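Enquirer:
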Amino acid sequence: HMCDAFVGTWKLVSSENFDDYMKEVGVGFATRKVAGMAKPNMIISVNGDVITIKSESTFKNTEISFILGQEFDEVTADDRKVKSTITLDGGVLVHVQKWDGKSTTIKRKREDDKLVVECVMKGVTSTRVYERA
Ligand SMILES: O=C(O)CS[C@@H]1Cc2cc(Cl)ccc2Sc2ccccc21
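If you're matching positions, the sequence shown starts at -1 in the deposited numbering and goes up one per residue.
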C-alpha cells in the first residue's frame, strides 16, 4: 500500500519554468521546443515491490520499473542515459538521475487531488501539475 495514492492515470495540466529546467539540464533547442509542447499521460502502477511509471505523449513514450532504493538504468524523454534511484521520503517519491558527472532530482507528491512534480537542476526549479485523467 506504499504508493497507493500515486497509482492511476494522470494528465499534465500546468507547467512553470520547465524550459529553464531543460536548459540547465543541457537539453538542446529543438528538443526543448518539441518536448515542451507535450502534455504527457503519466500512468503509475504497483505490483508487489515493483513500481512502474510510464509516460505517453506525442513526442515520446517513456517507461521505468523499479524497486525503491535500488539503482537502475533509465533513458529519459530527452534521450540521456542515466543511473537513477527512487526512494520514498516522508510520502514524497524522490527520483535522482546521475549522468556525465551531473545530477538532477525529481520529486513527486500528492497535494489535494493533484500530483505535483518538482524538477530541480542546480539552482533551477520547475513545477509540473498533473490531475487524474
Ligand atoms: O514528468 C514531467 O512532466 C517532467 S520530466 C519530462 C517528461 C516528459 C515525458 C514525455 Cl512522455 C514527453 C515529454 C516530457 S518533457 C521532458 C523533457 C526532458 C526531460 C524530462 C521531461
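All C-beta atoms, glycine included, are put in the ideal place defined by N, C-alpha and C.
Just to confirm, are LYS96 and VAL80 a CB contact at a threshold of 8 Å?
Expert: It is a contact, given that the beta carbons lie within the stated cut-off.
Enquirer: Would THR102 be called buried (16 or more neighbouring beta carbons within 10 Å of its own) or exposed?
Expert: It is buried - the Cβ of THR102 has at least 16 other Cβ atoms within 10 Å.
Enquirer: Please tell me whether, using a cut-off of 7 Å, the distance from the CB of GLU54 to the nearest non-hydrogen atom of ligand 1 is below it.
Expert: Yes.
Enquirer: For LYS58, which of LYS31, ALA75, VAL92, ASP47 has the nearest alpha-carbon?
Expert: The shortest Cα separation from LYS58 among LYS31, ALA75, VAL92, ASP47 belongs to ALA75.
Enquirer: Any heavy atom of ligand 1 within a distance shorter than 7 Å of the CB on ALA75?
Expert: Within the cutoff, so yes.
Enquirer: If you draw a straight line from the C-alpha of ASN39 to the C-alpha of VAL23, how long is it?
Expert: Between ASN39 and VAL23, the C-alpha separation is close to 22 Å.
Enquirer: Going along the chain, which residues of its own chain have a beta-carbon closer than 6 Å to the beta-carbon of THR7, five neighbours each way excluded?
Expert: So the qualifying residues of the chain are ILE41, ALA131.
Enquirer: Within a Cβ cutoff of 8 Å, which residues of the same chain sit near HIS93, ignoring the five residues on either side of it in sequence?
Expert: Closer than 8 Å at Cβ, skipping near neighbours: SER82, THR83, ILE84, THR103, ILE104, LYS105, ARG106.
Enquirer: Measuring only the C-alpha atoms, how far is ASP71 from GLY121?
Expert: In a straight line, the C-alpha of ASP71 is about 25 Å away from that of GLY121.
Enquirer: Quick check: what's the CA-CA separation for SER12 versus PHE64?
Expert: Using only the alpha carbons, I get a separation of about 27 Å.
Enquirer: When burial is assigned at 16 or more other CB atoms within 10 Å of the CB, is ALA28 buried or exposed?
Expert: Exposed, since its Cβ has fewer than 16 Cβ neighbours within 10 Å.
Enquirer: With DSSP as the reference, label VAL23 as helix, strand or coil.
Expert: Correct three-state label for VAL23: helix.
Enquirer: Given this structure, state the Cα-to-Cα distance separating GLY88 from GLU109, to the nearest angstrom.
Expert: Those two C-alpha atoms are separated by around 13 Å.
Enquirer: Helix, strand or coil, according to DSSP, for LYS31 in the structure here?
Expert: DSSP places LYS31 in helix when its eight states are reduced to three.
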